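Starting off, we have a lone chain in the form deposited in one PDB entry, written out as structure tokens.
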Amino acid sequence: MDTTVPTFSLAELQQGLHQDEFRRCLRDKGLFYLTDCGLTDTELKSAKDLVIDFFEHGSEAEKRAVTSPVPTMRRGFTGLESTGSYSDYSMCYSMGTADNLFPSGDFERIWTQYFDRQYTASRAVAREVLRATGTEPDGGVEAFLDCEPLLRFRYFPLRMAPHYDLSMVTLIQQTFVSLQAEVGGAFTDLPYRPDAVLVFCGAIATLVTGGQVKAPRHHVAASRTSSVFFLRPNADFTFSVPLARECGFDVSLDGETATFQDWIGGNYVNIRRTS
């Protein structure tokens, strides 16, 4: 096996090209760069610039106005820990399809457009993962993809321990190479590409497809920023319990079918550590 992290054109995949290469990538590696998906550094620049201005120069009052009363990183501003501040180590801004907290109309306009482009690209590449593996989710493809996404931008003025994601797919845009993944048993660099987004397959891809997609571990070594988009299923997403057991899930589920809520519990869990 070549341990190269491949690149695919979303448009070419949607035209039915490279299907054998794509299927092999999904099973053996579970990560790839994606071009021709409506996301490049051009779309990132406006959003990145205005949130860094907010991190660096917004006042405490402005920040409090867009901070949730519980520090979950679901929506709005968060100072994130590893005299002073938890913001000394890192700062985050989070959003979803609704219940958002924006510091101004300008920010709102720019970040709503950026979110929509990310959400569209993530549903599109998940649709191709499903098609290439012959997978029809219980309840159908479009209701599975109309889901509960989370976007988080993180600024760092290990940075992240080794883990796998529990998403369907995760899309990463970035600004020494900090991001690393296991490929062919060795740590492999994942540098930025101005022309492409990085796609990690998550454990829900593995689950829905019956084990045809790998969910790879990755870590962040030690300024930098990243945009991380999690495509996450609805709580009522339903799957086969025996099939989950056949591809490595250590479930404690009675009965033949279960939901995402049954498996994970009452709160989303975005990442998991093997150790």
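Counting begins at 1, following the sequence as shown. Just so we're on the same page, rigid core means the largest C-alpha set that superposes within 1.5 Å between forms.
One more form of this protein exists, namely the form deposited in another entry; it is left out here, but the text below deals with it.
- Query: After the core is matched up, is the C-alpha of residue 247 off by 2 Å or more between this form and the one not shown?
  - Reply: It does, since the residue 247 C-alpha is displaced 2 Å or more between this form and the one not shown after the core fit.
- Is the C-alpha displacement of residue 256 equal to or greater than 2 Å between this form and the one not shown once the rigid core has been superposed? For residue 256, whose C-alpha is compared between this form and the one not shown after core superposition, the shift is 2 Å or more.
- Shorter or longer C-alpha distance for residue 217 and residue 250 in that other deposited form, given it differs from this form by 3 Å or more? Their C-alpha distance shrinks by at least 3 Å in that other deposited form.
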